[PDB]
Structures are given as C-alpha cells and as structure tokens.
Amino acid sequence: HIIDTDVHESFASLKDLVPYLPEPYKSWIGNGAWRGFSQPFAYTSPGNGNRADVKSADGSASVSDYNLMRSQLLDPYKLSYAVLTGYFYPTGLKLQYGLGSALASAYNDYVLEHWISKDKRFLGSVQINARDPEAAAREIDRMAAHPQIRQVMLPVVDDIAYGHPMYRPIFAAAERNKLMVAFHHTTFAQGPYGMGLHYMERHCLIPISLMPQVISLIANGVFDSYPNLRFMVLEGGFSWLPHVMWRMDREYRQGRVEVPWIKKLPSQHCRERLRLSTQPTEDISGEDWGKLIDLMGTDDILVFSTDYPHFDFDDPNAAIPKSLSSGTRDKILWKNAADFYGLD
C-alpha cells in the first residue's frame, strides 16, 4: 500500500486547452497572444528540473504523457493512488482574471478528459484562479461532481496569504463540496526578500514561502470556521513543524484577547487537520525521524509523495526509514493520505 500525494502532470502544449476555451480566450490562446509560463530561472540539474529520463513536450518540469507516467511510476511501484497536483497554475497571472479563470476551467476539462478518466488510481485536484475567489468557488462547484476529484489546489504565488478573508469563498466552496485543500509552491514562490540570488538559494527558500500559509490559516480562523477541511502542504519540508506549532501556541496563549475566533490550540489544529508531504528528502537518519515525529506529538501528519517527475524524486523504496515502527510506516506511506482523502 502506497499513495503518492504529489505528481505533476500537464498538457503537451498550451494550445491543448483551445478546444475547451470560450471566445475571445479561445482565439487569444490559439493565435498565440499568450505563450504560457516560463520559470524565471535556470535549473542547474541536468533534465531541466525533471529527472533525466522524463521530458515534457513543452519543456517545463512536468510530464505530458500518461503512458510514460504509468510505465515509470504507477505500475513499477504498484501505487494504490496517485494524486495529480498539476503544474500550470493560472493564479500566477496577475491581470486579466477572466482569462486566468477560463484557463483554470479549460485545464480541469483537459485533465479530466485525458488523465483522470484514463486510470482509477488517479485522484484529482481542482485548479483555479484564486485571484477571483468567487469565480474560483464556482469552478470548485463545477468539478467536485467527479468522484475522483478530491481536493482544491491553492497555488503559492508571490503575493497571496490564503488566510486573508478575501479568499474565504474558496474554503467555503471546498467545504461545501466535501473536498480537501492542498498547497503547492509555484515558480514565483519567494521569501520575504525575493527568491534569492542563485537557484540553490531560491530552492532553500521554498519552505519559507509555505510556513506562512500554515500561520495565516490558523491566525485568521480558517481552521475554526471550516471544521470539515483538512489542509495538506506539499514539498515544504516537515522538520520545521515542531517549531511552527510551539511558536503558534505561545503566541496564541499570550495574545488570545486579539484572536477569540481560535478555539483550539494551534498545535492541536495541526495534529488533527494539517498534513505535510515527506518529499524532498533531507537525507536524515532513522533515529532523527523518530525524534522529529516525537516532537510533532503524533504520526498522523506526514504523507508520502514522490514528486514525480522532478529532479528530487523520492524513491518509495528508500525515502521512508524502514527502522520506523510498522504502524508509523503504514501511516506515512498510505493511511494518513487515505484518511485525508476519505478512502477505504
């Protein structure tokens, strides 16, 4: 039993969405008025962000061929489930919201037709344009129909803290439709002072772009006001979570006159309803895993992911220390995710 919570599929070409777009957007994209995203840095690994044996058609760090994924990932590792978390994140567009929203819908149509419908091991994400939270809510209502769709994907761009009350229609729609919430960094993710000055630094900063989302959701009452949502943060690490939990607890105890809508200790909200992917490895010893899980106070929090097809892919047979107890190992590799997605 293995569930993979982070897999990056994509179209082969941006014009694959033209059949799904209404005019004028259809003509804008068909005639080349916008050519898509191009990450604002050079990858320093061979393979251009992917493993060396995976290329997408448009060059991005993704996979555009289901046959390649099935033959490299799904079948060889005998995955029970693989969560498609996308890669084309229209929330990265900072103007022309009507365009970003039409791209979000068109992308979800494309993935349902050429991915999710091809394999029962897939669990799908609703991609959205979070800059129009009401349109995003309507796309969530649209796509929650399909029983394999299980979460909404909230992309971490440069300028959005998702606990801002502007975004509440998104979480209300997610809850309404029995979908969970997932967070993933974009090519625009940054620290307080930018992405740094080199690729290696930009990549060190990815955890720093994501810890404020946990802090934001809790301080602004997102956990308290949608009790049926669980929240999964992918690819930001987990070794920092003891500190984020203890810190939030201290600030809650000292400052609760200011935040009376928080009705549990932040650490308790997190143990109950926050999940963090294990990928990428920090190359940590087995006894160090056990210590960190102790400090977290539970083994319910970690979910396995490979992050196929990216360069720092986590081999399922080597990422999770086998010295861990069997109950904990089963939780990390599949039970924690299974409970998150309401499976079995």
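In case it trips you up, residue 1 is the first one in the sequence shown, and so on.
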Q.
Test of understanding: from the entry's C-alpha B-factors, which stretch has the higher mean, 116 to 124 or 201 to 209?
A. 116 to 124
Q) Which has the higher mean CA temperature factor in the PDB entry, 142 to 150 or 217 to 225? A) 142 to 150
Q: Identify, among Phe183, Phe238, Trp261, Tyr89, the residue whose C-alpha carries the highest B-factor in the deposited PDB entry.
A: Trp261
Q. Among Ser267, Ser71, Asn108, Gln190, where is the Cα temperature factor highest, going by the PDB entry?
A. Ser267
Q: Just say lowest, middle or highest third for the CA B-factor of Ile284 relative to the other modelled residues in its chain.
A: highest
Q) If you rank the chain by CA B-factor, which third does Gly297 end up in: lowest, middle or highest? A) middle
Q | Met166, C-alpha B-factor rank within chain (lowest, middle or highest third) | A | middle
Q. Lowest, middle or highest third: where is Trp28 by Cα B-factor in its chain?
A. highest
Q. If you rank every modelled residue in this chain by C-alpha B factor, which third holds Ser45: lowest, middle or highest?
A. highest
